[PDB]
Amino acid sequence: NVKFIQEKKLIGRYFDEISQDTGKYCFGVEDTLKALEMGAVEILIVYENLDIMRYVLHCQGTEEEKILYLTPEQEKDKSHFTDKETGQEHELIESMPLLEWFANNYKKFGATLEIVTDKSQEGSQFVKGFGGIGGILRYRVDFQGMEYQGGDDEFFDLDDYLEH
């Protein structure tokens, strides 16, 4: 019956600690993913019915790939992946379930992928905080990026290093 306490204890800690502004938690795929790449997330709390997945969009001129988080509505528009109101530039090639992805790479990130639900009070908080994805950090971190963002590695060209 860990599921009952899994949501009440793990999840509650997420908001309770944040109640101290300890800066050891995050909400949302983008945020939760960022800290999970940072291995700064002690325990990852995600939901089964997550309406967010990892997709790979192309560019109008090509030679450039974009990765964004979409919902059934947006994902449904795979061919265009654009908007008839703005005419963005998106072209879906592949689509990987973020939940499944978080449950298959929880070791690489060192995070603990725990799948919760809005059934409990705490489970109701995550939905309010964001709605599907939240992360618990191992310890107080300053994150990496610009001056306000934190560090100074926001512009890491190391991404191209992988390709080489």
# chains A, B, ... in the order shown; residues from 1 in each chain; ligands from 1

$ select_by_dssp --residues "region 55-137 of chain A" --states "strand (DSSP E or B)" --output "PyMOL selection string"
chain A and resi 55-57+66-70+92-96+113-116+133-137

$ residues_around --residues "residue 116 (chain A)" --least-positions-apart "2" --cutoff "9 Å" --atoms "only C-alpha atoms" --output "list in words"
residues 3, 6, 7, 11, 45, 46, 47, 48, 114, 118, 119, 123 and 132 of chain A

$ write_last_selection --atoms "N, CA, C and O atoms" --output "PDB file, in the first residue's frame"
ATOM      1  N   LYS A   3       1.575   3.055  -2.501  1.00  0.00           N
ATOM      2  CA  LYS A   3       0.982   4.037  -3.403  1.00  0.00           C
ATOM      3  C   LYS A   3       0.267   5.145  -2.632  1.00  0.00           C
ATOM      4  O   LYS A   3       0.357   6.318  -2.995  1.00  0.00           O
ATOM      5  N   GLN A   6       2.989   6.994  -0.998  1.00  0.00           N
ATOM      6  CA  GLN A   6       3.905   7.445  -2.036  1.00  0.00           C
ATOM      7  C   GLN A   6       3.511   8.836  -2.505  1.00  0.00           C
ATOM      8  O   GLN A   6       4.356   9.702  -2.721  1.00  0.00           O
ATOM      9  N   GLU A   7       2.211   9.041  -2.648  1.00  0.00           N
ATOM     10  CA  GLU A   7       1.685  10.323  -3.086  1.00  0.00           C
ATOM     11  C   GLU A   7       1.627  11.320  -1.935  1.00  0.00           C
ATOM     12  O   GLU A   7       1.942  12.493  -2.102  1.00  0.00           O
ATOM     13  N   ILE A  11       5.089  13.399  -2.627  1.00  0.00           N
ATOM     14  CA  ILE A  11       4.507  14.609  -3.192  1.00  0.00           C
ATOM     15  C   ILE A  11       4.414  15.730  -2.158  1.00  0.00           C
ATOM     16  O   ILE A  11       4.833  16.855  -2.424  1.00  0.00           O
ATOM     17  N   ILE A  45       8.742  12.888  -9.618  1.00  0.00           N
ATOM     18  CA  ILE A  45       7.331  12.574  -9.428  1.00  0.00           C
ATOM     19  C   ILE A  45       6.541  12.930 -10.684  1.00  0.00           C
ATOM     20  O   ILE A  45       6.343  14.103 -10.998  1.00  0.00           O
ATOM     21  N   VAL A  46       6.117  11.904 -11.405  1.00  0.00           N
ATOM     22  CA  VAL A  46       5.370  12.077 -12.647  1.00  0.00           C
ATOM     23  C   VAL A  46       4.029  11.339 -12.557  1.00  0.00           C
ATOM     24  O   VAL A  46       3.846  10.501 -11.678  1.00  0.00           O
ATOM     25  N   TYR A  47       3.081  11.659 -13.439  1.00  0.00           N
ATOM     26  CA  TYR A  47       1.769  11.009 -13.398  1.00  0.00           C
ATOM     27  C   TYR A  47       1.540  10.084 -14.594  1.00  0.00           C
ATOM     28  O   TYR A  47       2.057  10.318 -15.686  1.00  0.00           O
ATOM     29  N   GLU A  48       0.757   9.028 -14.364  1.00  0.00           N
ATOM     30  CA  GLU A  48       0.445   8.047 -15.406  1.00  0.00           C
ATOM     31  C   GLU A  48      -0.248   8.701 -16.593  1.00  0.00           C
ATOM     32  O   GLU A  48       0.138   8.494 -17.743  1.00  0.00           O
ATOM     33  N   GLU A 114       8.849   8.258  -9.836  1.00  0.00           N
ATOM     34  CA  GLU A 114       7.706   7.747  -9.100  1.00  0.00           C
ATOM     35  C   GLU A 114       6.423   8.256  -9.740  1.00  0.00           C
ATOM     36  O   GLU A 114       6.195   9.462  -9.815  1.00  0.00           O
ATOM     37  N   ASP A 118      -3.499  12.281  -8.913  1.00  0.00           N
ATOM     38  CA  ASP A 118      -4.224  13.351  -8.224  1.00  0.00           C
ATOM     39  C   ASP A 118      -5.274  12.821  -7.242  1.00  0.00           C
ATOM     40  O   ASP A 118      -6.116  13.581  -6.763  1.00  0.00           O
ATOM     41  N   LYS A 119      -5.229  11.528  -6.943  1.00  0.00           N
ATOM     42  CA  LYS A 119      -6.184  10.926  -6.020  1.00  0.00           C
ATOM     43  C   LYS A 119      -6.032  11.488  -4.605  1.00  0.00           C
ATOM     44  O   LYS A 119      -7.023  11.717  -3.912  1.00  0.00           O
ATOM     45  N   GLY A 123      -1.231  14.766  -4.332  1.00  0.00           N
ATOM     46  CA  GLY A 123      -1.371  14.478  -5.749  1.00  0.00           C
ATOM     47  C   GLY A 123      -2.198  15.543  -6.446  1.00  0.00           C
ATOM     48  O   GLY A 123      -2.112  15.722  -7.661  1.00  0.00           O
ATOM     49  N   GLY A 132       1.215  17.282 -14.008  1.00  0.00           N
ATOM     50  CA  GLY A 132       1.749  16.089 -14.647  1.00  0.00           C
ATOM     51  C   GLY A 132       3.208  15.790 -14.348  1.00  0.00           C
ATOM     52  O   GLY A 132       3.592  14.623 -14.280  1.00  0.00           O
TER      53      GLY A 132
END

$ residues_around --residues "region 133-137 of chain A" --least-positions-apart "4" --cutoff "6 Å" --atoms "only C-alpha atoms" --output "ChimeraX atom specification"
/A:24-29,32,40-46

$ select_by_dssp --residues "chain A" --states "alpha helix (DSSP H)" --output "PyMOL selection string"
chain A and resi 2-5+12-18+29-37+72-76+98-104+121-129+158-163

$ closest_residue --among "A:5, A:85, A:53, A:15" --to "residue 129 (chain A)" --atoms "only C-alpha atoms"
A:15

$ residues_around --residues "residue 110 (chain A)" --least-positions-apart "2" --cutoff "8 Å" --atoms "only C-alpha atoms" --output "MDAnalysis selection string"
chainID A and resid 36 39 41:42 106:108 112

$ atom_distance --atom1 "CA of residue 74 (chain A)" --atom2 "CA of residue 58 (chain A)"
15.2 Å

$ closest_residue --among "A:140, A:126, A:157, A:117" --to "residue 12 (chain A)" --atoms "only C-alpha atoms"
A:126

$ residues_around --residues "region 86-98 of chain A" --least-positions-apart "2" --cutoff "9 Å" --atoms "only C-alpha atoms" --output "PyMOL selection string"
chain A and resi 29+50-60+66+69+75+77-84+100-103

$ atom_distance --atom1 "CA of residue 13 (chain A)" --atom2 "CA of residue 125 (chain A)"
10.9 Å

$ residues_around --residues "residue 145 (chain A)" --least-positions-apart "4" --cutoff "10 Å" --atoms "only C-alpha atoms" --output "JSON, numbers by chain"
{"A": [149, 150, 151, 152, 153, 154, 155, 156]}

$ closest_residue --among "A:35, A:17, A:159, A:99" --to "residue 115 (chain A)" --atoms "only C-alpha atoms"
A:99

$ atom_distance --atom1 "CA of residue 128 (chain A)" --atom2 "CA of residue 2 (chain A)"
22.8 Å
